[PDB]
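**Student:** The following block contains the structure, expressed as structure tokens.
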Amino acid sequence: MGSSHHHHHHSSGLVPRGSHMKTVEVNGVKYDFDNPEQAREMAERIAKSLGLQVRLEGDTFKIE
């Protein structure tokens with residue numbers, strides 16, 4: 001099963017600030033990950049590749 005996603009309709013954990021997942025938006029195209037830590041390292045590896053810069057703004061690591 002590839003069901004490693006939200007399939008638990010029980011908002012708990014003191015009901016926190018339920019923001020969007022820390023997405024990596026390169027060249028305007030969004031890319032989410034399993035872990036935001038792995039997303040950020042991927043982001044900075046894409047940045048140096050395309051010559052762009054990872055401007056994280058909110059939760060969106062915008063590589064422009």
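Ordering of the structure tokens sets the chain letters (A, B, ...); residue numbers start at 1 within each chain; ligands are numbered from 1 in the order shown.
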At a cut-off of 12 Å, using only C-alpha atoms, what residues contact residue 47 of chain A? Leave out same-chain residues fewer than 4 positions from it and give the result as an MDAnalysis selection string.
**Tutor:** chainID A and resid 24:27 40:43 51:56 61:64
**Student:** With N, CA and C atoms kept, could you save the residues just selected as an mmCIF file, in the first residue's frame?
**Tutor:**
data_model
loop_
_atom_site.group_PDB
_atom_site.id
_atom_site.type_symbol
_atom_site.label_atom_id
_atom_site.label_comp_id
_atom_site.auth_asym_id
_atom_site.auth_seq_id
_atom_site.Cartn_x
_atom_site.Cartn_y
_atom_site.Cartn_z
ATOM 1 N N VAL A 24 8.216 23.207 -1.609
ATOM 2 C CA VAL A 24 9.333 23.808 -2.351
ATOM 3 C C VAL A 24 8.850 24.206 -3.754
ATOM 4 N N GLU A 25 8.648 25.511 -3.962
ATOM 5 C CA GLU A 25 8.142 26.046 -5.231
ATOM 6 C C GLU A 25 9.313 26.586 -6.076
ATOM 7 N N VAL A 26 9.799 25.771 -7.017
ATOM 8 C CA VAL A 26 10.896 26.160 -7.932
ATOM 9 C C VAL A 26 10.332 26.560 -9.298
ATOM 10 N N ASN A 27 10.736 27.765 -9.769
ATOM 11 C CA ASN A 27 10.331 28.319 -11.074
ATOM 12 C C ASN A 27 8.777 28.469 -11.144
ATOM 13 N N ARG A 40 13.929 20.922 2.151
ATOM 14 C CA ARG A 40 14.830 22.086 2.213
ATOM 15 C C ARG A 40 16.199 21.769 1.596
ATOM 16 N N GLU A 41 16.760 20.580 1.908
ATOM 17 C CA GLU A 41 18.063 20.179 1.355
ATOM 18 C C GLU A 41 17.949 19.996 -0.170
ATOM 19 N N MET A 42 16.823 19.389 -0.618
ATOM 20 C CA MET A 42 16.488 19.240 -2.049
ATOM 21 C C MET A 42 16.409 20.614 -2.732
ATOM 22 N N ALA A 43 15.764 21.567 -2.033
ATOM 23 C CA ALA A 43 15.559 22.946 -2.495
ATOM 24 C C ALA A 43 16.890 23.609 -2.828
ATOM 25 N N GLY A 51 21.091 27.777 -10.732
ATOM 26 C CA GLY A 51 21.674 29.098 -10.453
ATOM 27 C C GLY A 51 20.736 30.027 -9.680
ATOM 28 N N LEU A 52 19.569 29.497 -9.269
ATOM 29 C CA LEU A 52 18.533 30.246 -8.543
ATOM 30 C C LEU A 52 18.833 30.273 -7.027
ATOM 31 N N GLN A 53 17.937 30.889 -6.239
ATOM 32 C CA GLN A 53 18.097 31.021 -4.769
ATOM 33 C C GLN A 53 16.801 30.591 -4.061
ATOM 34 N N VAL A 54 16.939 29.861 -2.930
ATOM 35 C CA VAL A 54 15.775 29.379 -2.155
ATOM 36 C C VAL A 54 15.317 30.456 -1.162
ATOM 37 N N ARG A 55 14.341 31.244 -1.611
ATOM 38 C CA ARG A 55 13.637 32.230 -0.793
ATOM 39 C C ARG A 55 12.402 31.546 -0.175
ATOM 40 N N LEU A 56 12.590 30.990 1.030
ATOM 41 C CA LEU A 56 11.478 30.484 1.841
ATOM 42 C C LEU A 56 10.659 31.676 2.361
ATOM 43 N N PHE A 61 9.215 27.308 0.196
ATOM 44 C CA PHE A 61 10.606 27.491 -0.244
ATOM 45 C C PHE A 61 10.640 27.811 -1.754
ATOM 46 N N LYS A 62 10.399 29.086 -2.084
ATOM 47 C CA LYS A 62 10.316 29.558 -3.473
ATOM 48 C C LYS A 62 11.728 29.757 -4.054
ATOM 49 N N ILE A 63 12.137 28.877 -4.973
ATOM 50 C CA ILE A 63 13.449 28.941 -5.627
ATOM 51 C C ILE A 63 13.354 29.807 -6.904
ATOM 52 N N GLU A 64 13.668 31.110 -6.764
ATOM 53 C CA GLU A 64 13.653 32.081 -7.873
ATOM 54 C C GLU A 64 14.901 32.991 -7.713
#
**Student:** Please extract the residues of chain A with a backbone DSSP assignment of strand (DSSP E or B) and present them as number ranges by chain.
**Tutor:** A: 24-26, 29-31, 54-57, 60-63
**Student:** Export, as a tab-separated table (two decimals), in the first residue's frame, the selected residues with N, CA and C atoms.
**Tutor:**
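New file selection07.tsv:
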chain	number	residue	atom	x	y	z
A	24	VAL	N	8.22	23.21	-1.61
A	24	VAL	CA	9.33	23.81	-2.35
A	24	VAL	C	8.85	24.21	-3.75
A	25	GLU	N	8.65	25.51	-3.96
A	25	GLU	CA	8.14	26.05	-5.23
A	25	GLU	C	9.31	26.59	-6.08
A	26	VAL	N	9.80	25.77	-7.02
A	26	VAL	CA	10.90	26.16	-7.93
A	26	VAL	C	10.33	26.56	-9.30
A	29	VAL	N	6.61	26.32	-9.91
A	29	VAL	CA	6.04	24.97	-9.82
A	29	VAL	C	6.29	24.41	-8.40
A	30	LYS	N	5.21	24.00	-7.71
A	30	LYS	CA	5.27	23.53	-6.31
A	30	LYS	C	5.66	22.03	-6.22
A	31	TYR	N	6.50	21.70	-5.21
A	31	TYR	CA	6.99	20.32	-4.95
A	31	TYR	C	7.00	20.05	-3.43
A	54	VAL	N	16.94	29.86	-2.93
A	54	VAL	CA	15.78	29.38	-2.15
A	54	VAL	C	15.32	30.46	-1.16
A	55	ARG	N	14.34	31.24	-1.61
A	55	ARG	CA	13.64	32.23	-0.79
A	55	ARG	C	12.40	31.55	-0.17
A	56	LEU	N	12.59	30.99	1.03
A	56	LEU	CA	11.48	30.48	1.84
A	56	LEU	C	10.66	31.68	2.36
A	57	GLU	N	9.37	31.66	2.03
A	57	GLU	CA	8.43	32.73	2.32
A	57	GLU	C	7.16	32.08	2.88
A	60	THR	N	6.46	28.07	1.92
A	60	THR	CA	6.85	27.82	0.52
A	60	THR	C	8.30	28.29	0.27
A	61	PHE	N	9.22	27.31	0.20
A	61	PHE	CA	10.61	27.49	-0.24
A	61	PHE	C	10.64	27.81	-1.75
A	62	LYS	N	10.40	29.09	-2.08
A	62	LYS	CA	10.32	29.56	-3.47
A	62	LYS	C	11.73	29.76	-4.05
A	63	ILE	N	12.14	28.88	-4.97
A	63	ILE	CA	13.45	28.94	-5.63
A	63	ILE	C	13.35	29.81	-6.90
**Student:** Have a look at A:18, A:58, A:23, A:35 and name the one nearest to residue 4 of chain A; count only C-alpha atoms.
**Tutor:**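 Going through A:18, A:58, A:23, A:35 one by one, the smallest distance to residue 4 of chain A is for A:35.
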**Student:** List every residue of chain A that DSSP, applied to the backbone, labels as alpha helix (DSSP H), and write the result as a VMD selection string.
**Tutor:** chain A and resid 36 to 50
**Student:** Given the selection you just returned, output its residues as a file containing N, CA and C atoms, formatted as a PDB file, in the first residue's frame.
**Tutor:**
ATOM      1  N   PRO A  36       9.843  17.973   5.624  1.00  0.00           N
ATOM      2  CA  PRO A  36      10.243  19.346   5.199  1.00  0.00           C
ATOM      3  C   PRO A  36      11.761  19.596   5.291  1.00  0.00           C
ATOM      4  N   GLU A  37      12.445  18.734   6.051  1.00  0.00           N
ATOM      5  CA  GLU A  37      13.902  18.789   6.246  1.00  0.00           C
ATOM      6  C   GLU A  37      14.596  18.311   4.958  1.00  0.00           C
ATOM      7  N   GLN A  38      14.017  17.237   4.393  1.00  0.00           N
ATOM      8  CA  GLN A  38      14.461  16.632   3.134  1.00  0.00           C
ATOM      9  C   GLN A  38      14.073  17.531   1.946  1.00  0.00           C
ATOM     10  N   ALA A  39      12.956  18.267   2.114  1.00  0.00           N
ATOM     11  CA  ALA A  39      12.472  19.252   1.136  1.00  0.00           C
ATOM     12  C   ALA A  39      13.457  20.418   0.999  1.00  0.00           C
ATOM     13  N   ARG A  40      13.929  20.922   2.151  1.00  0.00           N
ATOM     14  CA  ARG A  40      14.830  22.086   2.213  1.00  0.00           C
ATOM     15  C   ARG A  40      16.199  21.769   1.596  1.00  0.00           C
ATOM     16  N   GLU A  41      16.760  20.580   1.908  1.00  0.00           N
ATOM     17  CA  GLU A  41      18.063  20.179   1.355  1.00  0.00           C
ATOM     18  C   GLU A  41      17.949  19.996  -0.170  1.00  0.00           C
ATOM     19  N   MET A  42      16.823  19.389  -0.618  1.00  0.00           N
ATOM     20  CA  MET A  42      16.488  19.240  -2.049  1.00  0.00           C
ATOM     21  C   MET A  42      16.409  20.614  -2.732  1.00  0.00           C
ATOM     22  N   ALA A  43      15.764  21.567  -2.033  1.00  0.00           N
ATOM     23  CA  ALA A  43      15.559  22.946  -2.495  1.00  0.00           C
ATOM     24  C   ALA A  43      16.890  23.609  -2.828  1.00  0.00           C
ATOM     25  N   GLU A  44      17.811  23.576  -1.864  1.00  0.00           N
ATOM     26  CA  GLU A  44      19.116  24.238  -1.991  1.00  0.00           C
ATOM     27  C   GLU A  44      20.027  23.520  -3.015  1.00  0.00           C
ATOM     28  N   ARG A  45      19.773  22.214  -3.243  1.00  0.00           N
ATOM     29  CA  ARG A  45      20.457  21.419  -4.288  1.00  0.00           C
ATOM     30  C   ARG A  45      19.918  21.768  -5.696  1.00  0.00           C
ATOM     31  N   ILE A  46      18.618  22.121  -5.780  1.00  0.00           N
ATOM     32  CA  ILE A  46      17.989  22.591  -7.037  1.00  0.00           C
ATOM     33  C   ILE A  46      18.461  24.030  -7.354  1.00  0.00           C
ATOM     34  N   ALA A  47      18.629  24.839  -6.290  1.00  0.00           N
ATOM     35  CA  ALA A  47      19.021  26.259  -6.385  1.00  0.00           C
ATOM     36  C   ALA A  47      20.382  26.409  -7.069  1.00  0.00           C
ATOM     37  N   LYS A  48      21.383  25.719  -6.512  1.00  0.00           N
ATOM     38  CA  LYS A  48      22.764  25.728  -7.032  1.00  0.00           C
ATOM     39  C   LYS A  48      22.849  25.082  -8.436  1.00  0.00           C
ATOM     40  N   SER A  49      21.895  24.177  -8.746  1.00  0.00           N
ATOM     41  CA  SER A  49      21.810  23.503 -10.057  1.00  0.00           C
ATOM     42  C   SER A  49      21.368  24.488 -11.160  1.00  0.00           C
ATOM     43  N   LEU A  50      20.262  25.207 -10.906  1.00  0.00           N
ATOM     44  CA  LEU A  50      19.650  26.140 -11.877  1.00  0.00           C
ATOM     45  C   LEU A  50      20.210  27.569 -11.729  1.00  0.00           C
TER      46      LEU A  50
END
**Student:** Kindly give the distance, in Å, that separates atom CA of residue 21 of chain A and atom CA of residue 6 of chain A, rounded to a single decimal.
**Tutor:** 11.7 Å
